[PDB]
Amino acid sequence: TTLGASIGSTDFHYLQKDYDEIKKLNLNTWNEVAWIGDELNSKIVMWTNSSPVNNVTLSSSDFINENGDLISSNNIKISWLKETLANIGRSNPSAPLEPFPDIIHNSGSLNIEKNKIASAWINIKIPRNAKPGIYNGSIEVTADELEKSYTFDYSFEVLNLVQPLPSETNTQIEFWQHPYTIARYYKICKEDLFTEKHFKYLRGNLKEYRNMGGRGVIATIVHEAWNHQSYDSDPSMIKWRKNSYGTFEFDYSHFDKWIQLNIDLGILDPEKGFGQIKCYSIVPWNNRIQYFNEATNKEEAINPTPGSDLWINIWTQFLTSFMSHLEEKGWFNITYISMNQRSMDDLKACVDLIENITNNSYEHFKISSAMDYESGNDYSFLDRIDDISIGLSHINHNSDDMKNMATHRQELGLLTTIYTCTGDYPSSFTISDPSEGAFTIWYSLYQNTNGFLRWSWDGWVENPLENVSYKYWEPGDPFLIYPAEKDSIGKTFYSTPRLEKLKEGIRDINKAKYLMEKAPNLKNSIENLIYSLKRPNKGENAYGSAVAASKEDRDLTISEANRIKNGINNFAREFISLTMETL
């Protein structure tokens, strides 16, 4: 009995603390539904008893449907979930470290020590030319110490509908990227910033971003705009100078290469008007603008207050110059000046100034901002902000205030998202149930917004692979992907279960909206399934980290994710049946 094995949920983590409970498992069967061009995930949870085990390997057979059509084993990637330490933990250095299996790591062998849980992630890519049908296959588990092999009956049904490509949808996704963090971690030099040596470590993860739905691209326009909240500094992609004449000149060099990269990777297409450049921020931390004074040869700073005449003068110089620069590049139409949570005075000042400054064609900068909207009715001010993200904790569990607001914005063609961050449940922390990710995306469509935003693509601590612990926030909050190992030749990042569940959700809401468009007489019933979504309640654990109110609320998150997904594929079956019975 030297090695145990079973199928596990992807909805939650299999930890060491639940070893005893886990050792009693024996799910040998797995069945699920998917579309053509979709993906599915599963997990095989394994354990040892009082002996270590070596070269444990997982094998997938080809998958074959009822008509002999073949999805080869190359479309199934089985990857070890690597464990990493996490204080649990919000702003609390004494709370305990625990391993969490947050990292979708590598294929191939793995040694496991005595008395230890070890899980492998199974990702199944259904090719975009796959035939519909019910496919069948086997996943296998040997080791050295096993003179035998375990077997698992896997089947999935491919429905005769094609998963939309991100560009065929109207889902809006924005995850904030931190290219200088990538530079620090891979030891890229100042002089090699935003050259091909740097791009080699950005390109993989930014393609990952695009292929899941990524549309928004953040770019810093002043120095240290979030006051060094993150482990890494946030340098400005636009360097400010004050010349001998005492007016401000700007060096756009980094911004341009950053944006042009994203254009080259297909995330942004300024000519066709796709994607957003989010410029953070006209209201940076404490209004502090750092600059190199050429006159006094000193690094100096100023803190002009929004509305003040110095403030007006200064941002007028910046915005007028930035506009002209963007118009020369042909990027202006997709550029958004980002604001932040401030007083209505500060915000009214920002919007007044932005709407005043116009090009030769009487058009002004688009505006983006996270906000705190909750109570109904008044849209006179928000109708002036082009893209808004509302935090989860500032959304009412019951009222139609948000849905009406969002719908008003939808009627005018303005963007609206929701976001999660520290102190939210559901959220996308290391300690989260990954399913929370899928819920989150359903909630975005529950509220009739355009989708999801999060601040946390890649804000890595020192060595996230071994320890994710940071002095602020629930652990893993600042990053949805892990870096690869510093010496890596090949991979440049690792994905995570929580990210994979955000992807699932995005794929599934895209299904919903595809059905609504294509089968308009199934629409109202789809909307009813969506609008029947039930929101769980927020608790807090012993150390400041937001968690489910109770286990009833935990299981409700999982429950509802599955519920809406399955219901949505039943609508898919209805539209397919309807089609082939009318043919």
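We number the residues from 1 along the sequence you see.
Comparing 492 to 500 with 472 to 480, the stretch with the higher mean C-alpha B-factor in the PDB entry is 472 to 480. The deposited model assigns a higher average Cα B-factor to 405 to 413 than to the other stretch when 279 to 287 and 405 to 413 are compared. The entry lists C-alpha B-factors for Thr440, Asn356, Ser73, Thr169, and the highest of these is at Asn356.
The residue among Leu515, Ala549, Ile36, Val33 whose C-alpha atom has the highest B-factor in the PDB entry is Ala549. In this PDB entry, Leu40 carries a Cα temperature factor that places it within the lowest third of its chain's modelled residues. In the PDB entry, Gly137 places in the middle third of its chain by CA B-factor. Annotation for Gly214: CA B-factor lies in the lowest third of the chain's modelled residues. In the PDB entry, a CA B factor belonging to the lowest third of its chain's modelled residues is recorded for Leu206. In the PDB entry, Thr449 places in the middle third of its chain by CA B-factor.
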